Structures are given as C-alpha cells and as structure tokens.
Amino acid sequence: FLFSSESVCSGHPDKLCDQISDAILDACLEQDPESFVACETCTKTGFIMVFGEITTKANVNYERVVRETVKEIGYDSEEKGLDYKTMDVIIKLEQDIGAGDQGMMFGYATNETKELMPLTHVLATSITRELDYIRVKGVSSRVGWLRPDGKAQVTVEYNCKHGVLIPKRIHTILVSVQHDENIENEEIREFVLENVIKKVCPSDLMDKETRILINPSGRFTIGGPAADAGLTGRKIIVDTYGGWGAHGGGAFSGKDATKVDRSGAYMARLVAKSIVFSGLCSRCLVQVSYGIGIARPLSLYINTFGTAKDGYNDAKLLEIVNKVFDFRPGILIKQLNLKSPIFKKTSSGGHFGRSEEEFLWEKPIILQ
C-alpha cells in the first residue's frame, strides 16, 4: 500500500502558534521552573492573540516574547503575511503527585529508520527542517528569496510482512515553499531538488517514476497568517508520528510538564523506542491513560503488531515495562528533566525522532 505523511515549516501559521506558545512556556521556566503554563495562540491577518492560564513567579513581557519569536521566524513584512513590527498583539493570559487532567497518550516506534520512526514522517520532516535551516542560516544572496511558510508531504509504497513494515519506494514528494516575486519557478525547483530533496531523501528509494512536485499549484508569494488562520495544537499528527500508530488527541505546545498530554506522550515514546531498540519487536504502540488527581496511570497498553521476538509477548512486555518504567507524573518530570526550558525546540520539526541531547525521551534504555 501507499502511505503519506506531512510536515510543515516553522512559518506555517499553525506551527507559528505552537512556537509562540512554547516560547512563552520556556520564558516562564527560565525564571521559575515550577511554572504552570496552559498557553494558546491564534493568528490571522495583522494579529496574534495569546490566551489561557499561567501560574508563575516569573516576570515575563508576554508581548515582547511574541514579537521576538515572530521576528526570529522571519515574519518582518506584510508582503510575507505578517510583520512583527506592525501586528496587533492581544494578551489574554489569566495569572505521589496526581495527574492534572484525565487523558490518554500514545507512544510509537518502528525499526524502519535509524530514528525508530516511520519513514514517511522522517522524510517529510527532514525536508521541512532543512528548508528552515537553509532559510535561517544560508547567505541572503543565495537564499534571501525564501519566505517562512511551507510544507512537505511524502508518499511511500510499503510492503507489510507479518506486521513488519518494509518501504519499497518513494512514490511522491510534494513541497510547498513560500518565496518572493523575483525568483522564477525553474530556479525554485532546481534549488529545492538539489539542496533539499537530494540531500535528505535516500536515492536508493527513488526512481524515474517518483513524482516530485514543487509548488505544483502555482506560485506561493502570499502566505503566513494573512493567507491562512493559525492556532496552537492544530498539527498534532505532524508533531508525533505522521498518521502512524495512534493519537490520544492532546496537543503539546504551551503546556508545562504537569500536563500529562505532553509528559505522558513523551514517556510513552521513550518506552516504545526502548522496546524496539532492545530488539524485542520491530514495531510498538503504547497507550497510557490517566485520571485527574491520581498519580498512577489508570491503564497501560502495549501492542507489538505481532512482531515480538520469539519468547516475548505483549503481556510479558507490559510486565517488563511495569518493572522498569514509572509513569507517575512527578517521576516523569524528574526523569525527563521536563522543568528545563527546552520546549521551543520541540515545537517545530516533530517532537520525536529528534537527536538533540536535551530530548531524554529519545535516549532508549536496554530491556531484557
């Protein structure tokens, strides 16, 4: 079968909101590691609004954080879809441990890739992260024509043998990249193919029939918030596993670590990755469920899709996980260092499959 995943650039209006929500979270954490933050952002023509609840001892200039985050992402002109200098900023923020809410969270891993992530998502997010890296770090004489909005989608043809996923070929790569009026389509295409697609997509999975589409619906000068509304938590599948596995519905950005929607998902990722990395299966889905005010999870579930190593079964894996891993929120927070202001980096490019040293949920443990 064919399977597709999407990623979006840091300048996509929804991801802009996630990044602002987490920039505010980090700003609070830098001064008060005990901050509680539930920060939502939305955006459209000429404005950003930040709303929700914060309990902090930190003294943070919320508007200044918003405007600086938008500046760093590159929205410095109305022509691009938003200007940090001219936009309106609306601030409506209200100023044995149990979970802070109910909810379920899933973690997933697969040995398809070195990241232990599904290949479609690895590739789409590699494309968008590379575009953002080039835009922000390349010389303006070469790359100044790039604007912040964009997305990529990758369709892979799979074979599925006894639960094991074997990519056969890359079927389609779709890239949308916002740009200024002065660059012609041919140059856009050549730049993206040579400096992005061929840099991150393995040539051994491409062939002459691979469909490569770059701004296929026409030029893309009009973008950002002026072109499309954005909101925090509207890219939760981009943020996690790209359509694979399952999702409990909870968004990550703008939430401090006492929100199990984030910390429980991070821990479930650590567990599934550890099971797969230890060679006990090829693919693993973990579901953890909490109840408000209750420290131990109401439930835990493991599915290896029939790929468990001979000698192991999903029930034995759960027994092991219960011996090794602790899902009580206070322990998750301490073990994963979730009071550190590390979260802005998670809010674009996917929360999982990431190689930064500060993402402890991606450092697997050996299980036996």
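Heads up: residue numbers just count along the shown sequence, starting at 1.
The modelled chain breaks after residue 95 and resumes at residue 96, leaving 10 or more residues of the deposited sequence without coordinates. Just going by the entry, 146-154 versus 113-121 on mean CA temperature factor gives the higher value to 113-121. Look at the C-alpha B-factors of 285-293 and of 229-237. On average they run higher in 285-293. Looking at 135, 71, 273, 208, the one whose CA carries the top B-factor in the deposited record is 208. Going by the entry's values, 184 shows the largest Cα B-factor out of 130, 184, 88, 83. Sort the modelled residues of the chain by CA B factor and residue 167 lands in the middle third. The PDB entry assigns residue 217 a C-alpha temperature factor belonging to the highest third of its chain's modelled residues. Residue 354: CA B factor lies in the highest third for its chain, per the PDB record.
Per-chain ranking of the deposited C-alpha B factor places residue 327 in the highest third. Sort the modelled residues of the chain by CA B factor and residue 23 lands in the middle third.
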